[PDB]
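First, one chain by itself: the form deposited in one PDB entry, in structure tokens.
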């Protein structure tokens, strides 16, 4: 039976989706589209076999997951779709209520790690659906991209790029999500899992070469113009090698104790 594969519904993985379709890979999957928060839980509980897993959640289940090498959702400097929209300087929030978009699990944690370490602030947090209107807030995905390219500039609100703040603070890149197979599925289905892995790399590679076509196509249906989408797609960094694995190890060391996993948690990788 086709492996049950998750896919983030956001624009950040649209180029990858274009790749999955263009190569014919989609016909080898039983695909589920949803937000990262949900896809993560579904994989953990066994409702999915392979899929994207927000980093924080992946580390909490590191013993039961095996990450795919060479593909992830990250950055090296700005990410553009993982931000903090605020109406006051980040230093002035030690007692201010900050809303955390419920679709996020890694970006919200990182946002906290920065507000308290770089701006020395202990905010009064609360989680809610992403909306930037109803709700100084941490947004990811399309909501964050809209807040960065449209809402922020329209209503003169400040939009801080989380990938940028991390880079400035550590000089390191960042990984928000990785692809993983449940350990039981990888062992039960060694061949399929490897084939899925290779199909994702192949699809990702093609999305890199046809980035302009994806931007043009999506422009037809998104609020973002072609140039913005093209810029966005090229800004995202889907690599997952040693340099990226270094950003993870570091992040895991800084948040591991107060998040649910050893500061030195082991990241098992799918072996060739």
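Positions refer to the first chain, counted from 1.
This protein has a second form, the form deposited with a small molecule bound, left out of what is shown; the following refers to that one.
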Listed residue (137, 165, 115, 177) with a non-hydrogen atom within 4.5 angstroms of the small molecule in the entry with it bound: 177
Residue 240, heavy atom within 4.5 angstroms of the small molecule in the entry with it bound: no
4.5 angstroms heavy atom contact with the small molecule in the entry with it bound for residue 182: no
Exercise: residue 105 in contact with the small molecule in the entry with it bound, heavy atom 4.5 Å: yes
In the entry with it bound, residue 244 touching the small molecule (heavy atom, 4.5 Å): no
Segment assignment from 148-156, 182-190, 105-113, 198-206: heavy atom within 4.5 Å of the small molecule in the entry with it bound: 105-113
